[PDB]
């Protein structure tokens, strides 16, 4: 169990352009292409990302390559963010995966409202943090995935992804 396996479970794998839970064009292992309603705009983003004319379809190797880039971008964004890095560095490896998972899903801007959750996590008040994390649009809109991530923060185990 590692961040790649965790996010592969949460995001799945699709080789043709699809829409994410918010209705946005996406491909691969949860790679957001664009928030624009234009499928042509999404196809342009895809071709730019892959480096060839894809017609909205990629290979598994390409999906996995984009995925590695996307995970790394989430990590480096945490490490460059003066608010997120201290909390991240206070966590054990399993809980760090839960943090990366959230940044992958929502970005640095999407986690900006989680200030109180971050404080509870840095204080290692795991049950309180879990309660606080669930008081969110994130939890209400993707509750099964949020429950898995929250259980990971609460327990520091992979139990939610083995179950």
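Numbering follows the first chain given and starts at 1.
Relative to the other PDB entries of this protein in the set, is residue 56 coordinate-less in at least a third? Other entries vs residue 56: none skip it.
At least a third of the other compared entries leaving residue 39 unmodelled, is that the case? Across the compared entries, residue 39 is modelled every time.
Averaging the C-alpha B factors as listed in the entry, name the stretch that ends up higher: 129-137 or 106-114. Comparing averages over the C-alpha atoms only gives 106-114.
Could you tell me which one of 101, 69, 123, 26 shows the highest CA temperature factor in the PDB record? Comparing C-alpha B-factors across 101, 69, 123, 26, the maximum falls on 123.
Residue 62's Cα B-factor: lowest, middle or highest third of the chain? Middle third, going by the recorded CA B-factors of the chain.
Sort the modelled residues of this chain by their C-alpha B factor and say whether residue 96 lands in the lowest, middle or highest third. For residue 96, the deposited C-alpha B-factor lands in the lowest third.
State the tercile, meaning the lowest, middle or highest third, of residue 39 with respect to the CA B-factors recorded for its chain. Highest third - that is where residue 39 ends up once the chain's C-alpha B-factors are sorted.
Assigned third (lowest, middle, highest) for the C-alpha B factor of residue 52: Its C-alpha B-factor belongs to the highest third of this chain's values.
For residue 4, does the deposited CA B-factor place it in the lowest, middle or highest third of the chain? Within its chain, residue 4 is a lowest-third residue by C-alpha B-factor, going by the deposited values.
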